[PDB]
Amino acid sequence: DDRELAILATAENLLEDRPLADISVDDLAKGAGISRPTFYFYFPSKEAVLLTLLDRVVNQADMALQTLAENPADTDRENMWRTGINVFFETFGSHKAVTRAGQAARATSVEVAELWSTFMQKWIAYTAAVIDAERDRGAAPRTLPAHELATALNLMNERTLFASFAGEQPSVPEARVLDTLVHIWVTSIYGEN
């Protein structure tokens, strides 16, 4: 545990300053206070270290959403969506360097792409289930297929949060992105036609 956790913490700290390609196994070993061959005991590559960091951040979001999902529904519909979107905002926003490196790795790592895809499918399925339950309650109109609406809104959040965190041009400023996403989710879920 001890040495594994030091490698992960070292990697998260160095990713704040430079991309994974500019971080060496020696940097990771040195920061974790172990030798290079001892590193190779705990991980095969710096790529494996990033996969584990991303797995931890994604599971932290998923666990926080599970906590919310299994509590009573907020009776204010806008606040119910805002609290859930905020789990992603705070969780990924608290790990920007891992977020940035992980989104980059989706192009070069089938494991990173698979991890991201699995969790997106879960979050989309859960979004769709809540939309469906809102329609059954008569709170939301029967407009688009709930699963297709959930997919586009989750993909919006993926792209828009990422752009905000990375300060891309174009991007919504980070202090405006939650309100912007909640508006679009609430109008598109509750909006007639």
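The term rigid core refers to the maximal set of C-alpha atoms that superpose within 1.5 Å between the two forms. Numbering starts at 1 and runs along the sequence shown.
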* To do: Overlaying the structures in 9 other deposited structures of this protein on the rigid core, point out which of 68-76 and 112-120 has the bigger RMS C-alpha shift.
  => 68-76
* Higher-B stretch (mean Cα B-factor, as the entry records it), 14-22 or 181-189 -> 14-22
* Structure fact -> Stretch with higher mean Cα temperature factor, 64-72 vs 162-170, is 64-72
* **Most elevated Cα B-factor in the entry, residues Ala105, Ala97, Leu115, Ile85** => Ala105
* Asked: Can you tell me which of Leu144, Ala150, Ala32, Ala129 has the highest Cα temperature factor in the record?
  -> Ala32
* Asked: Where does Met120 sit by CA temperature factor within its chain: lowest, middle or highest third?
  -> lowest
* Asked: What third of its chain, lowest, middle or highest, does the C-alpha temperature factor of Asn154 fall into?
  -> lowest
* Asked: Among the chain's modelled residues, which third holds the C-alpha B-factor of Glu78?
  -> middle
